[PDB]
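The chain below stands alone and is given as structure tokens, in the form deposited in one PDB entry.
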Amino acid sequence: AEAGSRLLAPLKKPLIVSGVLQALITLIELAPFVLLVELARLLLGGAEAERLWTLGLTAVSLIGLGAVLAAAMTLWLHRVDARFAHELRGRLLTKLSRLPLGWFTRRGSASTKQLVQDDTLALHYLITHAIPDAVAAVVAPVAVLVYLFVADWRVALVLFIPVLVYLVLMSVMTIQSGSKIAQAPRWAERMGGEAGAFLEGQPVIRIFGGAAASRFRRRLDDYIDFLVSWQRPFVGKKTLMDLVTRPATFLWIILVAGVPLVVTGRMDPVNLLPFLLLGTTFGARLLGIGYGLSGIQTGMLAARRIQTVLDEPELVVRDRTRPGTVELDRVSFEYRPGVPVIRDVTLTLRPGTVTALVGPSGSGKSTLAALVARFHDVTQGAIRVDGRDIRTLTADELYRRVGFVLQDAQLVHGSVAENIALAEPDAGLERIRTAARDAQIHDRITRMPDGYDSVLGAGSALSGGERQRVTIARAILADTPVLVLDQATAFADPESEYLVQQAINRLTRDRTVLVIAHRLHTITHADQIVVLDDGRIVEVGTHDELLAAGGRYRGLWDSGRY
């Protein structure tokens, strides 16, 4: 695989060294059995006690030496291939912060968990154990069978019968499970998706459908059907391989052809000593690749799947390369190919002016804020902050110049202080409190059990109108020259909405503000009201001018009073 081999290229030299050292280790491990054959052959000859003991000691030391060298490789090779995962996982988290957010919405948090954590974990066998198991599974059976074939070819061929049978089981097991292993990561993502949706959308599951009718139960039963149909012949072949390559199976097969040769005048019993001691040793090494070839397939797919993400197009910062000004110049954007969401929008936001972006729901007013944030790149046109294109501005220079409220109270799992101080985590606790008071949420937070240190994860959340005020306080603390309020105070009552509106007007007197609102009664004081219908700006002007013009804004205003 071009993408699979390209990912694991840095581990070329460590893996080649692992293969060579395993060749030496496997020969060191077979060495004491050859000495035991000589020691056993000396017992028949009745040699002196000292002669037998020297073969015993040099066999014990080689057992110790082989174990030291074997443990030196595995300890080294796991550290090398655990640092690779940390390097690889750091690359993914760096990659994901640069992709457009269309990537995140079409995959979700369940597939990103699969990528960063599960897929990088699936590489573990492919690098730590694949080459040691592949080299030991060929060095030792070939080394033994070459030794035993010189000893006696008759019993060597008999011992070779289970070798061929094991290869047949290994091949049919691998090809049959090949199709299922390809489908396995897909099911894990989908099952991971339902588990996230089932646990997150619990109020929906409880009231609508309940436990029985939930889609999680349906797909859970479907997944276990996949595992049963996958793991049934897989485990069925794995047990047969374990029986064929068991030490007792070789020892029986040796004696099936050994006893008739010893009983008849066709083999001296001394020539069985190599088989009884060496013939059974390589059963557990052949089994290493039988159980591994499935683990290589998951690793190679995971490497292919990881490298594909690392080759995704990014939000590249161009090399091309008034304060507080944002300009949209014939912007046009499409979330999907051939589905225009924004069409030829031209809009200039100047300092000290509050621009009010209104219109029908689903018109495109939130995606315009997304384009300004550069969560997505405009398909046409350009967006320029202070004369610098957002595509030329780096992430720091862009998000230090523009601050956002995103219509969703996306609170992080952390203290109340940290959710307010997400922009600048080293913000002083007094600065956090002043931001919270401006959002009219300091009084709420003081009443919580732990104050500003209280955790705001799932099951310890706030009310819907208060989790939004936390994000308003976050934006206030960030305090960028350009602010983009995507329907802040949607869930706020009139009293709190008016108070936070007064606070924001106090804060952003000499700043650019793009306020998005469906409550038009708070929009009447905007310097310019921009009406966005079907992604195109259909009319621009002040409140009185729009009412006099009598268009879509007049329709919305009349329908507002009901």
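In this text, residue numbers run from 1 along the sequence as written. For clarity, a rigid core is taken as the largest C-alpha set superposing within 1.5 Å between two forms.
Just so it is clear, the following notes concern the form deposited in another entry, a form of the same protein that is not shown.
A.B. asks: Shifts of 2 Å or more in the Cα, rigid core superposed between the shown form and the other one, apply to only one of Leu39, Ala526, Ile504, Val513; name it.
C.D. replies: Meeting the 2 Å or more criterion is only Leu39.
A.B. asks: Rigid core fitted, is the C-alpha displacement of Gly66 between the shown form and the other one 2 Å or more?
C.D. replies: Superposed on the core, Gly66 moves its C-alpha 2 Å or more between the shown form and the other one.
A.B. asks: So with the core overlaid, does the Cα of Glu495 end up 2 Å or more away between the shown form and the other one?
C.D. replies: Moves: no, less than 2 Å.
A.B. asks: Please check if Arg536 moves between the shown form and the other one, taking a CA shift of 2 Å or more relative to the superposed core as movement.
C.D. replies: Result for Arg536: no, shift under 2 Å.
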